[PDB]
Every structure is written in C-alpha cells, then in structure tokens.
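Number of protein chains: 4
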Amino acid sequence: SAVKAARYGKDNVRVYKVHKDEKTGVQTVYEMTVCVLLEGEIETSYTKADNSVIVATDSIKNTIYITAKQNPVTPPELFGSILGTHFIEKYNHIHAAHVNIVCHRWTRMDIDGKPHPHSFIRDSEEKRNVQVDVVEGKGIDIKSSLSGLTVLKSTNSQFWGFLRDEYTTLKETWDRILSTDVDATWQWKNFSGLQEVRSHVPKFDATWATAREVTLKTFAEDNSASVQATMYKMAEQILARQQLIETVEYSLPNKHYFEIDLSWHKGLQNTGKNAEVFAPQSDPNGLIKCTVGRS
Amino acid sequence: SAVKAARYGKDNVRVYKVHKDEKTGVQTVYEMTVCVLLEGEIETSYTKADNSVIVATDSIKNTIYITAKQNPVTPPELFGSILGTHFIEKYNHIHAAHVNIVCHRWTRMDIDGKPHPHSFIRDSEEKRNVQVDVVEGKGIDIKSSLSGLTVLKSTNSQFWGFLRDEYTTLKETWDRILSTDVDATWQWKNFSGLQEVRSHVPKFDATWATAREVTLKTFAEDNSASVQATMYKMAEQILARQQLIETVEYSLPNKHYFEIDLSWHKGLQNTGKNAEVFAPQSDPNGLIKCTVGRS
Amino acid sequence: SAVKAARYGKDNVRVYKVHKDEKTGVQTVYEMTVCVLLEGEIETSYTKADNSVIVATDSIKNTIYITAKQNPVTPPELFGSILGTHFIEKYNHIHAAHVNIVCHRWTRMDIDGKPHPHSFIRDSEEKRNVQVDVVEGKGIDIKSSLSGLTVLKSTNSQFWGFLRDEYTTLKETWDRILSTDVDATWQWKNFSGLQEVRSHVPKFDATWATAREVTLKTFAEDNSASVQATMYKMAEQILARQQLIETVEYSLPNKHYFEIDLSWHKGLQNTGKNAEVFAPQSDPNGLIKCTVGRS
Amino acid sequence: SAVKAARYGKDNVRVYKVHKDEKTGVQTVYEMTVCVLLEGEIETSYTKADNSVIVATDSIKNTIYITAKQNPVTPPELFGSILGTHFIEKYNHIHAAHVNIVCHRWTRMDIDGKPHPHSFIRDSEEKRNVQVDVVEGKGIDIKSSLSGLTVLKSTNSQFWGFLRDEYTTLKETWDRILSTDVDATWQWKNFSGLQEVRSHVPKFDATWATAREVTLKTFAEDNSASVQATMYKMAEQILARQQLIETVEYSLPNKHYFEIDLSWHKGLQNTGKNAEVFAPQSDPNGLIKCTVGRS
Ligand SMILES: O=c1[nH]c(=O)c2[nH]c(=O)[nH]c2[nH]1
Ligand SMILES: O=c1[nH]c(=O)c2[nH]c(=O)[nH]c2[nH]1
Ligand SMILES: O=c1[nH]c(=O)c2[nH]c(=O)[nH]c2[nH]1
Ligand SMILES: O=c1[nH]c(=O)c2[nH]c(=O)[nH]c2[nH]1
Ligand SMILES: [Cl-]
Ligand SMILES: [Cl-]
Ligand SMILES: [Cl-]
Ligand SMILES: [Cl-]
Ligand code: NA
Ligand code: NA
Ligand code: NA
Ligand code: NA
Numbered sequence: 002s003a004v005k006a007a008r009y010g011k012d013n014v015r016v017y018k019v020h021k022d023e024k025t026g027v028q029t030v031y032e033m034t035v036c037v038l039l040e041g042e043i044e045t046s047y048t049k050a051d052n053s054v055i056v057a058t059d060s061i062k063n064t065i066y067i068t069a070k071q072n073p074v075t076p077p078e079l080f081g082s083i084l085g086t087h088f089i090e091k092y093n094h095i096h097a098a099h100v101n102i103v104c105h106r107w108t109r110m111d112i113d114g115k116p117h118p119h120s121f122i123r124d125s126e127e128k129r130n131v132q133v134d135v136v137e138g139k140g141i142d143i144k145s146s147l148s149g150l151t152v153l154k155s156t157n158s159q160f161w162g163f164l165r166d167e168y169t170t171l172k173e174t175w176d177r178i179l180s181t182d183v184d185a186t187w188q189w190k191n192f193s194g195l196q197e198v199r200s201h202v203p204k205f206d207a208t209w210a211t212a213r214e215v216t217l218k219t220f221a222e223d224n225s226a227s228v229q230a231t232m233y234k235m236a237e238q239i240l241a242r243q244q245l246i247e248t249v250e251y252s253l254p255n256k257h258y259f260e261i262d263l264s265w266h267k268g269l270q271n272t273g274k275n276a277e278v279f280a281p282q283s284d285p286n287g288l289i290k291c292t293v294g295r296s
Numbered sequence: 002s003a004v005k006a007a008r009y010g011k012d013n014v015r016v017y018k019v020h021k022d023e024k025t026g027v028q029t030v031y032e033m034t035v036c037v038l039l040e041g042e043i044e045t046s047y048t049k050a051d052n053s054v055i056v057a058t059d060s061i062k063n064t065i066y067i068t069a070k071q072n073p074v075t076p077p078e079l080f081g082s083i084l085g086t087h088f089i090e091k092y093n094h095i096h097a098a099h100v101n102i103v104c105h106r107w108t109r110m111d112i113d114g115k116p117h118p119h120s121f122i123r124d125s126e127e128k129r130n131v132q133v134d135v136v137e138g139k140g141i142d143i144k145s146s147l148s149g150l151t152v153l154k155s156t157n158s159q160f161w162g163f164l165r166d167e168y169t170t171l172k173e174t175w176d177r178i179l180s181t182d183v184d185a186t187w188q189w190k191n192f193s194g195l196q197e198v199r200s201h202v203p204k205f206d207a208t209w210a211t212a213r214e215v216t217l218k219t220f221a222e223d224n225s226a227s228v229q230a231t232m233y234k235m236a237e238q239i240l241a242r243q244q245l246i247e248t249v250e251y252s253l254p255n256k257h258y259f260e261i262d263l264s265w266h267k268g269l270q271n272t273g274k275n276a277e278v279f280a281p282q283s284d285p286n287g288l289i290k291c292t293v294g295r296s
Numbered sequence: 002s003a004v005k006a007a008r009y010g011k012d013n014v015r016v017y018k019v020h021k022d023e024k025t026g027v028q029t030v031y032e033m034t035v036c037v038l039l040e041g042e043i044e045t046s047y048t049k050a051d052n053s054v055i056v057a058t059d060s061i062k063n064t065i066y067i068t069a070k071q072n073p074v075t076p077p078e079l080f081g082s083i084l085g086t087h088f089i090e091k092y093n094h095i096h097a098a099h100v101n102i103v104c105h106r107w108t109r110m111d112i113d114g115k116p117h118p119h120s121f122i123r124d125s126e127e128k129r130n131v132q133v134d135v136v137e138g139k140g141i142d143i144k145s146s147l148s149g150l151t152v153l154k155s156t157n158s159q160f161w162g163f164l165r166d167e168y169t170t171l172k173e174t175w176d177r178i179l180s181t182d183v184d185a186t187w188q189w190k191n192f193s194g195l196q197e198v199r200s201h202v203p204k205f206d207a208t209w210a211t212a213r214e215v216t217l218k219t220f221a222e223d224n225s226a227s228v229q230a231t232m233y234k235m236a237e238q239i240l241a242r243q244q245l246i247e248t249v250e251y252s253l254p255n256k257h258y259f260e261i262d263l264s265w266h267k268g269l270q271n272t273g274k275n276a277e278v279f280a281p282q283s284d285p286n287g288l289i290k291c292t293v294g295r296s
Numbered sequence: 002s003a004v005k006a007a008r009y010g011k012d013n014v015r016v017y018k019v020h021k022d023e024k025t026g027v028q029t030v031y032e033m034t035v036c037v038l039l040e041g042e043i044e045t046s047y048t049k050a051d052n053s054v055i056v057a058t059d060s061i062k063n064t065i066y067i068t069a070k071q072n073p074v075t076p077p078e079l080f081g082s083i084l085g086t087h088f089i090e091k092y093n094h095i096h097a098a099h100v101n102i103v104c105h106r107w108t109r110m111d112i113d114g115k116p117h118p119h120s121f122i123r124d125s126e127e128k129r130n131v132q133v134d135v136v137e138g139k140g141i142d143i144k145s146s147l148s149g150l151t152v153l154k155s156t157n158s159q160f161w162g163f164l165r166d167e168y169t170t171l172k173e174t175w176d177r178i179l180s181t182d183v184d185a186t187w188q189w190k191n192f193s194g195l196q197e198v199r200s201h202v203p204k205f206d207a208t209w210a211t212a213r214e215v216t217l218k219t220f221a222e223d224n225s226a227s228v229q230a231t232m233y234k235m236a237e238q239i240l241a242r243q244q245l246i247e248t249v250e251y252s253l254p255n256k257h258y259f260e261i262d263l264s265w266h267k268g269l270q271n272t273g274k275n276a277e278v279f280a281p282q283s284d285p286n287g288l289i290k291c292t293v294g295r296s
C-alpha cells in the first residue's frame, strides 16, 4: 500500500476579532469559523509513525489566532490567502494549505434611527464563505460564495412544457410558489501568490455585493420558466460584471410548497386561482445545479 | 393504574398562507409551524383501546388547514385562539386545546430601493411564537414570545463583585463581550373566551413590537452589570407599557467569548486593553432566567 | 415590578469520567452533559445590580468538575443529588438547585467475541437522563428518563374505530407500520434529602433497566390498537414493578410511513396487502402523551 | 456565457421497503434516503427556457419509488446501479446519473433472547452509504462508505515527537483519550455496466462488513502513535482483503478530551496519572484524512 492523497489539520476553529476606533468610539466585529488542512511530505506520519513531519493541529490552531491578531481578517479571501501562504512558506516540507472560512453575520444595530457604535445583530444564518487553496509552485486558487440565503416568491414562477412519459404525474403549472436556499460560488482566476491577491483586494467585497444583488434582483424580477433558467440569468450577469472571475456556480434546492385540495370539506376551494393555504414540504426537494463560464 | 394526565394531537404541521391584493398586485405571505394537542374525556382510548373518543390527529391536521383557509392567520394569538376554541366547541368531550405556533420570517424584499410586491427573504431564524391554552370553562391563556434573536455587543458589559470562595477562578472584568440568544415571553391576562381575545387584537402585534424594541434598545444602551440586571430592565419596561400583560419572562444564555493570551508567542499582547482576537465558546454557557411581574 | 421567579447557572457542561482497574486493566467511561440552575435570595442581582449574591456560573461549572472528581458519577440520580445538595448546603442564601443530566452511551466494544478493556462505541443517540430538584426544606424530587429510543414495527399496529365527521379523511387500517422515538419518564417518591437517595441507590439502574425492557417488549409484542393503548400498557407495568415510583409519563411521536399508490404506473400494486414501498414522512407527526399513576 | 457543468434532480427522497416471508412470518425492513441527479443534453433548459429536455424531478422521485417496488433495494450498490442505469437507458439525451444513497439502521430486536419477526431498533445513527455514478459509455463508478461510527478509547493513544517551533504549545503525551466519528470510503474498480455490478453482488455486503470489522479491531488494538498511523493500518488491511477495491479513504476528526487541572482547589490531583475527569471539547477538532491505494 501507499498514500495516494493526504491532508490534515484543524477544523471548526471559531474566531472573533474586534476593531476599535478610539477616536470615534465605533467598534466593528468579525466572526468566522476556520478550517486549515495541510498537504506535503507527510506520508511517513501515516506509514511509519513518524510524527516529526507533523505540524500539530493544535499548532495550526494557534497559528490561525496569531495570524488573525497580526493581519486583517477582511476580506476573507485575503485572510485565507495570508494564512495559507504562511504554512507553505514557514514549513519547507508543507506544499499546500487548504483554507476554508465561513463568515458569520454581525450587522450593526440601528437604535432610534441611528447606527449603534458597538451593538450587533445576527440578521440571518446566511454566510459568506471562501475556499482558498495555496499550492506551492502553483499560486492561490480562490472560490468565494454566499450560502444560506433563503428566499420565497409567491407568484411569477412557472413550470410547464417538461418531458411527459409513463413516469410523469406532475401537473403543468403557470403560477406556483418558488422558494430556495441560495448557494452561489464564483471561482477566481488563478493568482500567482499573495502579492497578486493583495493587488485585487477591493474586488472581493465588491464582487460579493454584486453577486448578492444580482441574485436577489433576478429572483424577484424573473418571471421564472424554471429554476434552471433563472439561475442561469444570475450567473451570466455576475460573469459580465467581473472579468476576474472564470466561473459562477449555483446550487439551488426547489423547496416545494404544495397546494391543498379542500374541496372534500364543504366544497372549500383552495386550488388554482383560489389557492391560499399551502403545505410547505420538508422533503423531498428538487436540487438544481449549474456551472457557468464564458463562451 | 389510572390516567393522571393525557393530551394528544398533531405536531410539526407546516402552514403557509398568501394574501393577494388583486387591486394592487401586492401579495403578503405567512408561514408557521403548528402543534395542536387536545385533552378531554379520552382516558378510555388509553385504558380500553376505545378509539371512539379519538378525534384523529390526521383530522386535527385537516382542521388546522381548514381553519387557516377560513380565518386570519395573523396575529398568531388570534389564529391560535380560533383554532383551540374550535376543538372544545365542536367536540363535547374535548375540554382543552393546546395550540403552539412558531411563526417564520418572510420579510418583503426591497429591490432598487422599492418594496417588491411578491418576493420575500428569511431575515433570520428569529421566531415569533404563541402558546394558546383553550380550556373549557376557564377561558384562554396566552403566552407570546420572541426567540432566536441573536445579538452581540463588543463593550459596555461588565461582571465584577460576584461571590468569591474556594470554587472561584473567574477574574473580575470591567469590559467584556456580551452575546445572547433572546427568548422573551409575555403572559397575557386570562381571556374569558374568543370574543375577549378578538376585542384586543391590535394589542398583539403592538406588544410584540414593543418587546422587540425594548429588548434591542436596552441591550445596546445598558452598560451592563450582569445579564441578570440587564434582562430585568427589559422586563420592567415591557410591563410598564402593556397593562394587559401580567408577567414577562426572559431566558438568556451567556454565550462566552474568551480572551486569548498570546504572550507566549513573540510577546504578542492580546489581553485586557489589547484584546482583539477572541475564541467564541460553543459550550458551556451561562443560562440566566427570570420571571418579572408587578409589585 | 418585582421578581416572581428566578434561576440561573451553567448549561451544556460536558463531562467525562474514567474508572481504571489497575488490577485488571479494565477501564470504564462515563460521559454526560450537565446543567445546574440555582434559586435563592438572588433577586437583588436582577433588581439592584448586586452581584454579591451571585455564585458565578463559572464557579458552578468548576463545582460540577470538582464534584465529579470527588464522587461517583453513576447512577446519575445519585450524582445529581450530591451536586444539588452541595449548592444548597454550601451557600446559605441558595435554597434550590436544579440539576439536569443527559448521559451519553459508551458501550464496551466486543473484539473477536471478547469485551475490550478500554474501547467503546456510541451505540445510538438514545440517552438516559435525570432531572433532580434539590429544594431546601423540601427534599429531593427526581425524574428519571430514557429518550431518543427509536423503534419501528412493520406490522401488528392498527388504527380503526376513531371518530369520523366532516373533518375526517383518514382511512381505517388493520395493518400499518408503527415507528416512534420513545421518551419515557418515571417520577420518584419525594426523598427527604441525600441520605434517603443514597439508601435507594441500586434501585436507579434497576428501574431504568426495567423501563427499557418493558418498553421494548410491549412495543414488539402488543398488537397495537393505537399509540395511546400501547403506551398505557408500558406505564402500568413499570408502575407495577417499582413501588417507589409515583408516576410514569410517555411522550411518543407517531412517525408516519405512508403507503404509495403506484397503480397509475403499469397498474403496479403497492397498497394494502401488496404494500412494499412506503414514504416515511418527516412531518407532520402525531404526538401522543400520557401520565399514568396508581388508582 | 455557456454552461460548463450541469446536473439536476431530486434530493432527500425517503424510502422504506419491507420484505415479508409469508411462510415464516419474518419481516425485514430497509430504509434509505436517496438523491438522483442527472446530466446530459440539458443545457437549453438553462439557457433557452427549454423545459422539453427536463425529466421532471417529480418524475425522478416517482421513478425511485417504482424502481424500489420492482427491484431489490439491497445491497445499496446494486440498487444505485439499477436506478442510474435506468435513467441513461430510458432517456436518450440523458448521459449520466448520479445516485447517492444513505442507508439507515433498522436492527432486529431480540425479545427475551429471541429475534423478533417484525420489530426493529435504530442502533445508532451510523450510516452505510453509496455514491453511484452511471456514465453512458464509461460504465459505473461506485464509492461505498460507512459514516457516523462514533468510538472512544480511554488509553492506548499517544501523540509525541511532533514538530516543535514558536507556534507550538501542545505538550507531548504518552497516554491520552482518542475519540472519532469514522468516515471510511472504499472505491471500487470501474464496472462496465449493470451486468458487471450484478456479477459482484455478494462482495458488497462482505466488503462493508470487512471494513467495519477492520476499523473497530484496529481502533481497539492499535497502541496509537497518531490518528494518521492508525487510520493507515485500517486502510491497508481493507485493501489487502478485497482485490476489487482500488482505494480506501478515511476522514477522521480528533474529538479532543482535555485534562482538567484542579490543583488550584484543595490541591486536587486530576492530571497525568491522576486524570479522571475530562472536558470533552465540541470544537475545534483535528481533522485527519488520507487516501490509500496499492503500491
Ligand atoms: O423549476 C423546476 N425544475 C425542475 O427541473 C423541476 N422538476 C419538478 O418536478 N419541478 C421542477 N421545477
Ligand atoms: O452576567 C453574568 N452573570 C452571571 O451570573 C455570571 N456568572 C459567570 O461566570 N459570568 C456571569 N456573567
Ligand atoms: O395511534 C394513533 N393514534 C391517534 O390518535 C392517531 N390519529 C391519527 O391520525 N393516527 C393515529 N394513530
Ligand atoms: O493524532 C494526532 N494527530 C495530529 O496531527 C495532531 N495534532 C494535534 O494537535 N494532536 C494530534 N493528534
Ligand atoms: Cl425541482
Ligand atoms: Cl453566565
Ligand atoms: Cl398519530
Ligand atoms: Cl488532531
Ligand atoms: Na513549503
Ligand atoms: Na368540549
Ligand atoms: Na442554602
Ligand atoms: Na441516455
């Protein structure tokens, strides 16, 4: 036997950082969950009980905190890049660092119409994420995403004209509910290293904003032919707006809301045009994916 | 043996309702999870395999949908009261109905600065809940709450002057982070029945708003001596503002954010006044509760 | 305003303990999650920012670990009683301690047909729990339970003869699946204090065993008329077998498994006697409860 | 823009099947969660609102139930292969089917020392899974796994001799707790199609058994130098025992159990050789991975 692939490190590292403007009194908080997994000439830790080649996962954990202390933690693409670069540079025998960051929302509170200097609210479980692969000799590969963005529209969703055969029961509809949890990922052009990432720093927050904005507007305004057609419109607009991204991926569940026939009860009419009360279905769910690039 | 207590019914009933203004095109959605448990002369279903006294939980489920079809689902205190009243009136041998409702947020989207007529976003897992106990001969007992409201303040929290003995290691602090998940409950004066509930309908949304507002403002503005002292200030203000509530309950976890001593590494200073990077603790957590009434 | 009720302390305290037989080499592990909430003359911590009366929740946490170090952690009824007794005795102004313990399973592994001396497997998320209320002047009130015991029987469950009216759609059935998550609680006679608890120590593991055994056997062997009738048979047998318990409570979801009509497809027969493939329903679910005591 | 990748279908399809021996009265149950995602000439559903090429996810759902009705659902490698093969054969323009199956445990109950004919218990959340990729023209790629197998050993785990530098605080230890959630995957040799899968059917249950057995025995008996070294021993034995598998992957969290220094309290000794009470850590956790193949 032989080791074909190996990576190890520390997962679920919770991190908070605060910035305090002693001038204005305004504080700003950041909270994330970090995973760092290393690759390199480590196969003998597996095959020969050779721990000498292991940078302890506890030490990886310390390094995450120390790096947060000494560097910006925003945007997460930058923090991820600094952290991964540290491991491959610091340790000769480590040749890749895989950095995953989940950013948790802490939105400044408005109290009586004015932003509060140090109080925050978690306005949803929507996350901003990065996946940063720092590979010695091959630069920095970054995937950015938003996830957990849950939306619903009550009309202007349709689903008709699909294939019909002996396995098909679904009725065509020209007016349905559409609800999903948006998972959207934009893949950056390969960066040659930390310097190139630094040179593009303002583009990270901006592209996240754009992706978020395009998603919400297209969802709200598209009179949707299908989840497939709607998600494609989102991806093409994001690509059009950021030349440094190579692909946009969407993964969308179709979280079904079923009509409830109540005509068996006093002839109550609750279907089609009379549909008022629906049963949200927890499972099963459609799952629709696509990766869009440029022609 | 004998049955000392019994209740049965349907839990986790997911319900959606839409309202459509055909005049304006504006749609409004409501989504909830409902539980209805009945009590009454049902002990022989347990002791004698006498199913004749059972209103099927499947029928309870149907009844929830039918009631949503034929009545307002807002405010949830009213819907809960109508639903519970239905069971005790419809079935002679049913003498109490216990209605729990969790309301899920669907906040209208703003697209390019304007509210969209039929698109919504789940802006957090914060819930609005009710517990409605409809008891034949003894009216309607309503508990209203907000839960899952997650907040953090980065300063203006303190914890010193607590009891110190041989079990105490905790250092006194005059400046810490405070973060919690707010669970707040206001208990209404007993209502004599559905008519009395109806007579107070506008007070339900208003008192929820007040509770929410008082919570957020007191959290943001109190230079907190402890979770105990802060939560009491919230409760007393809510009581002061709604004479029809008898008590206000808070249940607050203290979600700890620990300083990280980094002085072992290149003498980095990250404690006290230099504290920038913290480790959020998933567990354990303080849990602080109180029920406040009027003197 | 005034404080009507108050309790505070530390929740989600994870605890492991190991016992090592240096003679035999056999080790035994225990793992739990503990919550301790105190009551007493603490209202001024809420109303007057008077922290002097607060035994820090961090100190409560320390005390849980120290108590585990110096006392048996099994049975959990005893450990809970020692822990609660400690707080009301140690602190004059603390008058009740509320101790909740969740015990996690670590079952010794058998390797090649022989029990291993120090390796364990989590054979399910079923828990053994206690709720121990230690109230100064009023002894120790103990509720013991098993929860998360998930079972299914594929036949010998029936549900017919229930009330039928205009809200009823459910078909009567003489052969269905029954599946539940068993939550069963036995309430002990009040104990006067820690000494009385000590005097009954062997009865705790034994009564848990009995409850577990009666549950599984009655579930497997009862040709069930309903969840109600089956659960009552469990409770009455447990009561018959332990005079020191006053009541037995069951809370059982009916986790529905629906037939799937496939006759629309090539006349496939998959209902009634031909029913082979079913759709397990995640929600809604029946929820059936009863508290049984002696006549 | 252009579609670079696309797949769509139905996720979280819960399925139960029962087998009844009318001769013996013995029933056997199977329960799973299924996801089927299709690929093919479907890009115009995304780019042109062309639903004609969509096999409805609702129809995919029906097909899963119908396939379960008409075929064995065990072993899951076979069921997955039949299901995926169906889509690529039935639909000319569908060229791959991705079938993920999670199998839930329903272990026959023993009642008074004898196996019960139709009653079952969920003896843990451990799963048996498959990932079956059916690709037209390129056969069937199968990955089998066990996951959620949670174990602990109380001694005979060590971790010393690892790299020490200015980021290292962790003390070397020659006796620690080791606990993990085992995720183990064996990758089968490519199969040319459904016939080849059929020809190996008995090897699926057998290799799952072997993997399970090797995991538990190696965990219990290895005096572990590290998670890395232990997991490698598991993988090499599995490979040695099934020539038709090409690689074995492990993904293991190191679920840390920390010593608790209690010497600050009455000089209590609870570290090193005196270590009895530990604090299980929910996060962070080590995460150790490797993919082992043959030399
Ligand atoms: O937008 C949809 N896409 C599908 O592929 C599909 N399939 C289905 O049943 N409903 C829908 N809806
Ligand atoms: O606000 C607090 N209340 C307490 O009761 C307590 N106890 C503790 O350890 N920290 C805190 N903080
Ligand atoms: O055992 C049952 N009890 C009920 O009360 C009930 N109600 C229902 O719809 N199914 C069942 N099954
Ligand atoms: O078995 C281990 N492997 C590691 O790589 C590691 N790192 C760490 O901190 N503890 C351990 N333990
Ligand atoms: Cl779908
Ligand atoms: Cl606290
Ligand atoms: Cl039921
Ligand atoms: Cl580790
Ligand atoms: Na390197
Ligand atoms: Na009645
Ligand atoms: Na006392
Ligand atoms: Na095909």
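Protein chains in written order, with the UniProt record's numbering: chain G, 2 to 296; chain Z, 2 to 296; chain E, 2 to 296; chain X, 2 to 296.
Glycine included, C-beta positions come from ideal geometry on N, C-alpha and C.
Check, Outcome
"Which residue wins for smallest C-alpha separation from residue 150 of chain G, given the options Z:106, Z:93, Z:27?", "Z:106"
"Closer than 7 Å by beta-carbon distance: list the chain E residues that pair up with residue 237 of chain Z, in chain order.", "2"
"Residue 90 of chain E lies in the alpha helix (DSSP H); which residues open and close that run?", "77–91"
"Note down, in chain order, all residues in the stretch 153–176 of chain E with a beta-carbon under 9 Å from any beta-carbon belonging to chain G.", "167, 168, 170"
"Mind pulling the beta strand (DSSP E) runs of 3 or more residues that sit fully within the stretch 3–44 of chain X?", "3–21, 28–41"
"Assuming residue 257 of chain G and residue 282 of chain G are in contact, meaning their beta carbons sit under 8 Å apart, how far apart are those beta carbons, in whole angstroms?", "4 Å"
"Would you be able to state if there are at least three C-beta pairs under 8 Å between the stretch 211–222 of chain X and the stretch 133–152 of chain X?", "yes"
"Return helix, strand or coil for residue 245 of chain Z, following the three-state DSSP convention.", "coil"
"Going along chain Z in order, which residues have a C-beta closer than 8 Å to the C-beta of residue 266 of chain X?", "167, 168"
"What are the start and end residues of each continuous beta strand (DSSP E) run of 3 or more residues lying completely inside the stretch 84–161 of chain G, in chain order?", "95–105, 108–112, 115–122, 128–136, 141–154"
"Taking C-alpha atoms, which residue in E:179, E:267, E:224 lies nearest to residue 289 of chain E?", "E:179"
"Any residues whose CB sits closer than 6 Å to a heavy atom of ligand 9? List them in chain order?", "G:89, G:92, G:93, G:95, G:96, G:137"
"What residues match up with residue 254 of chain G in a beta bridge as DSSP calls it?", "G:288"
"Suppose the cutoff is 8 Å on Cβ atoms and the five residues either side in sequence are ignored; what does the same chain contact list for residue 234 of chain X look like?", "219, 223"
"Just verifying my parser: in three-state terms, what is the DSSP assignment at residue 196 of chain Z?", "helix"
"Quick test of your reading: residue 81 of chain Z and residue 56 of chain Z, contact by CB under 8 Å. State the CB separation rounded to the nearest angstrom.", "Rounded, the Cβ-Cβ distance is 18 Å, inconsistent with contact."
"Below 6 Å, is the gap between the Cβ of residue 63 of chain Z and the nearest heavy atom of ligand 7?", "no"
"Determine, using beta carbons only, whether residue 111 of chain X comes closer than 7 Å to chain Z.", "no"
"Among Z:78, Z:119, Z:113, Z:285, which residue has its Cα nearest to the Cα of residue 133 of chain Z?", "Z:78"
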